[PDB]
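The chains carry the letters A, B, C, D, E and F, assigned in the order they are written, with residues numbered from 1 in each.
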Amino acid sequence: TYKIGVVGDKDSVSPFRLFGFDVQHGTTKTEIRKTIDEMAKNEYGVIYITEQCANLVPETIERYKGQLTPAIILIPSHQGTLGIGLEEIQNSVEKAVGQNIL
Amino acid sequence: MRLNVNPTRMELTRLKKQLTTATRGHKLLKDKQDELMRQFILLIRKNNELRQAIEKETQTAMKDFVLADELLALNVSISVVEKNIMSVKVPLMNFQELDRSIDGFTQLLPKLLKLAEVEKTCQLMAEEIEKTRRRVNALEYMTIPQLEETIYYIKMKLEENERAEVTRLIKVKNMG
Amino acid sequence: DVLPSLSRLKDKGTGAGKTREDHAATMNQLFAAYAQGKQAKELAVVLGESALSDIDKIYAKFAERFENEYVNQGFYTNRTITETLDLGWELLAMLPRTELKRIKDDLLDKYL
Amino acid sequence: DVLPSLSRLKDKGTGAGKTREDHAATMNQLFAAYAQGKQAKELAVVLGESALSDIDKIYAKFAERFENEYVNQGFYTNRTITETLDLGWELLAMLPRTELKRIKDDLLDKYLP
Amino acid sequence: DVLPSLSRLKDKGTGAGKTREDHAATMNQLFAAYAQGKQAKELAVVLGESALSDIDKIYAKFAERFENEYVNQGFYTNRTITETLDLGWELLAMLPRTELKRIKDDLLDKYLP
Amino acid sequence: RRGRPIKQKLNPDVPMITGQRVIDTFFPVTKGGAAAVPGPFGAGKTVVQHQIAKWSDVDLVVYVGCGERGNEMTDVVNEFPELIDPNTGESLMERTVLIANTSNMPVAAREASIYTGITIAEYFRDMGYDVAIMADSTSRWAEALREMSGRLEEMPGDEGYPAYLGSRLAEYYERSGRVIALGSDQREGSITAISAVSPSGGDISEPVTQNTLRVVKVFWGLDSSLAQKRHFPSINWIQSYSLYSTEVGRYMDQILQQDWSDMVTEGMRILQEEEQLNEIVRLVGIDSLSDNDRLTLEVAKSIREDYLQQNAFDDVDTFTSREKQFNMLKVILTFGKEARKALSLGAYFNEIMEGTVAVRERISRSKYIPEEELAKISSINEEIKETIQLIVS
């Protein structure tokens, strides 16, 4: 049984608080990665993170792709996406296949 | 570039066996790489439509809430069973005025989790593809060539030695 | 090791009237199934338990039994040609009829 | 295969008065393009189409026409040095002028189709 | 390169009253860890660190520290045997107690940090 | 066949200036030193030797064409009287002696040609001069020995060479060096020996190469792979070495009053790291690399293309002065450092590349910058420091 962590702007991500999700509010590169690496230390299952927040920390994020857990999942803000989640799927498919196959 | 081995008859036989093994292993590693790839394509398509759908919906939920206090001060954790796809270890994830905006979030959770699961599985699937590619490649472009080049070298050397011996034996004989 | 071993005049000494009618066909089949079994074994190591077909797992077990029971008779065990032939059939019986492609159905129905 | 191939003495037999003034520059350029083209093909095989820049693809296509149209002439076709050089210029037109760095502007102006 | 190197007269010349009572145990232990660590380090260069086990990753880091710190001292560095044996332990401490099969429990209790 | 006697040998500790960046920088030969260039056909041994004969700062050059092509000796007799030192107006021919015994010339006379040259070089060395003797190629010399060995019916050594091959080679290389000459002046002189070795298949485990490497301190190892890629001189920077590197480094620091030896070391460190990284890029592709790793490849590429590669037939690329080499290497190494710092502050590889197209192009053209205006190479440093620093925003 693993925990859920959410990283994003106060406005967009606060309602996740109602489910008992450890919602955290980092805003600089230092805060996000510092807040992720502990979440991995406490065997979190999934960490949801905003795309705007995610864009600050590609180095810390790619460090866990190969791990079974935690799953790091990119979500929009209230403002939307930068296209990263969909581009990461885009990159991974062209890498595996020689696509685009979608 | 040839390997650092001594040109003996036994070494030649070793490398020749090691090479037949290497060749067969390379084909089997290519076969897997291709299997994982077509299994990957199915799942990555699932991931993509899923991510497009849950991006559009989480976005609306978030926008509603914002357009609507520490009323959010008052638990759900998840369960991870483990399964196997081909040979890859993969996660199985199960749950364990403004009221309209709060509800929309409740309806996202199931789709967010499935995504978490499908995205991870794809991620793990993709990594294992790279892992197999690197082995295939290390075999095709380094190991097999080195074996092949060392084998040809030792054949040649063993041949020069045999020639050297007959030269010396002819001279020895003729001390008479 | 059967694979690199060879008799160049075996045909002149086998079959109906000399051993039994099923001699050659079974030899050819055991030879192939053992080759296939050893390949299946390798596959097991390289791609893992899971990539193995159920038909493949059988060949694996066949090559194992073939070395351990057929080839491994002991230095003091004298087998008649008929026992040998019967043991081969017994070993071939692990496989589906669908796999014994190098034997006429005529012989499959007579010896199992 | 022009890559392992080499003539060591070649400049004593080319240039104005001998072949044409464009000779050495086209040679350095076609060679470089073909080498880069071939390296791109090598990349596509190992890692797939996707690993290539749009520019790599152009170069990869360059290599292929070079092989099929320039090198491959048939064993009964005689090409005068003029016909050869001119054909060199045509394959060069495939590439952005900005790419043709081994050739100076004066030649590019007179010959580049 | 310590692996192919040898001394045939090391037993009667080392130990309690000559160097220290842990000379031969640590010496043997270090060789075991180095030979294995060196094989693991080289795989990792070929197949990536990910192609290595959890503990072979440790053995590989050990072979780096062993080469870079222990064997590499410089041509103007004179280490007392006591400095050398003590450094040997600091490397061996990188490894889990279970790995150190070449050393008796009596000795581990006493020297291992 | 008898060495000219001397008072004593001295350490060869002053570097020769070849004007070849890869040689003077990473694999220097000192005056009175010995270097071998073993390499496969078409790699560039004859060209390296011609370059040195043309540019090195010795007093006199002795060129032995031993068992090689006729055209090459012809090339020197025509090209050298036309190659004019502008400071003094004398041609290279006024400081050159040529000995020629080509491959279809009498074979025995290959051995003769080597001894004639070395003896002549000893003689000028005795007068107080700095002499360089180039042997192209010592392998033809060894073949002459084997052929005579066969007629003599001797018992073969390695690969049919006679047993005395190793000592014949060692005897000749020991006739070179820095010396105090005989006479009351106690004047000093030197012979620097540069020999081509031409191994079958390019295999350097061959006895001629192996025996040579035993007595010479500099190894210029030519790579057929580099030559095919048109990377000349095709000196393989991983396998090559100069055992004069440490001493030449000390000497350069002092004459330049600069940390040259450190720059060289950093350059070799960079090139060594690229070989570790390219092993991965072949396997998995450039995409797998971290930004740090990405940059190392780009800096290494700069050393290779902007610095290591030198066109011997280009009027300006053909010789690079000591000062110019220091300047070109500074620029290349500077860009590396500045980016490394930019990466650690928070900038990414791709924004550093794009932001520096123009200054990188400037760096790649330094090799063509005229010797009278080295300041244009120098100003690249401030351009590097400023353009990267803007990007850091």
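Simple rule for what comes next: a contact is a pair of C-beta atoms (placed from the backbone, for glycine too) under 8 Å apart; a residue touches a chain by one contact, two chains touch by 3 or more.
Note on connectivity: the fewest chain-to-chain touch steps from chain A to chain D number 1.
Most remote from chain B, judged by the distance between CA-atom centroids, is F. Which two chains touch most often is answered by the contact tally, and the pair is A-B. Centrality by Cα centroid goes to chain B.
Once the centre of each chain is set as its mean CA position, chain A and chain B turn out to be 23 Å apart. With centres set at the average Cα position, the gap from chain D to chain E is 58 Å.
One inter-chain figure worth recording: chain D and chain F are separated by 32 Å, centre to centre, where each centre is the mean of the chain's CA atoms.
Here the spacing of chain B and chain D, counted between their Cα centres, is 39 Å.
Within chain D, contacts with two or more other chains are made by residues 46-47, 51. In chain A, the residues touching two or more other chains are 66, 95, 97. In chain B, the positions touching at least two other chains are 127, 130, 134, 137-138. Interface of chain D with chain A (complex): residues 44, 47-51. Across the complex, chain A meets chain B through its residues 1-4, 11-21, 45-46, 48, 65-66, 68-69, 71, 73, 75-78, 80-81, 85-86, 89, 92-93, 95-97, 101-102. Taken in their complex, chain B has these residues touching chain A: 37, 40-41, 44-45, 47-48, 51-52, 55, 58-59, 61-63, 65-66, 72-80, 82, 89-91, 93, 96, 101-102, 105, 109, 112-113, 115-117, 119-120, 122-124, 126-127, 129-130. The touching residues of chain D, when paired with chain F in their complex, are 3-4, 6, 8-9, 35, 46-47, 51.
Put simply, chain B touches chain F in their complex at residues 130, 133-134, 137-138, 141, 160, 164, 167-168, 171.
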